[PDB]
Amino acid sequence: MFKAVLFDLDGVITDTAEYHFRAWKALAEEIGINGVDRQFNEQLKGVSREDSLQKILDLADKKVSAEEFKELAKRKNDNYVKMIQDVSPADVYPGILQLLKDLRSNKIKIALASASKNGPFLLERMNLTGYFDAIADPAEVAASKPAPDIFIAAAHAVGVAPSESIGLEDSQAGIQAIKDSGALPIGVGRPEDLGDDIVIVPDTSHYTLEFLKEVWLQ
């Protein structure tokens, strides 16, 4: 049986993927780049703060100074951090709190595999910190999503092999990172966005311990 579940945060635990999209789109438009729509944003889900800004600049074949790049990333983060101040336990996605409780009752380890430097603050806002056996620090890994490093680090932090873990993700980059770690991915979203080659569920109510067992067994 699987021995750990490795959680993405934004778009899996709560609706902060929407917040990141709105913030990046506002930033892009301030600098005169209008291509950041929902379809383009599928390429930004899972990707780090600096990598996201670079993808937006590259979309428009735009170059900025190193000083301006740093300011833009900070500006977006400052806006996003203001956006999330009122996040609360009421914003936890359907199924997620009960899943965490059921995993702990069954002695299955729980680790955060998020790229977000705002992850710890968000888990505290949602009264979820006490469910987590480890939080992988994204500043410590040498490579970010779609590289598998963050999922590998999360598994190691709870003493479990990636091959005996399930990863939960809403992003193209993150699904690839789970695949390359050795863990089993279960995606949440549209197969049109996430692929027809892994198990995908339409919303997080589907993330029950019963279903995770169903998928693991086959």
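Don't overthink the numbering: it's just position in the shown sequence, from 1. Here, rigid core means the biggest group of C-alpha atoms that superpose within 1.5 Å across both forms.
The rigid core fit leaves 70-78 as the farther-lying stretch in 6 other deposited structures of this protein, judged by Cα positions and set against 122-130 and 70-78. Taking the rigid core as the alignment reference, the C-alpha atoms of 80-88 lie farther on average from the displayed form in 6 other deposited structures of this protein than those of the other stretch among 103-111 and 80-88. Taking the PDB entry as given, 59-67 carries the higher mean Cα B factor of the two stretches 149-157 and 59-67. The deposited model assigns a higher average Cα B-factor to 26-34 than to the other stretch when 166-174 and 26-34 are compared.
For the set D10, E210, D196, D203, the maximum C-alpha B-factor listed in the entry falls on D196.
The maximum CA B-factor among the listed residues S144, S114, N79, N127, taken from the PDB record, is found at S144. In this PDB entry, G95 carries a Cα temperature factor that places it within the lowest third of its chain's modelled residues. The PDB entry assigns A139 a C-alpha temperature factor belonging to the highest third of its chain's modelled residues.
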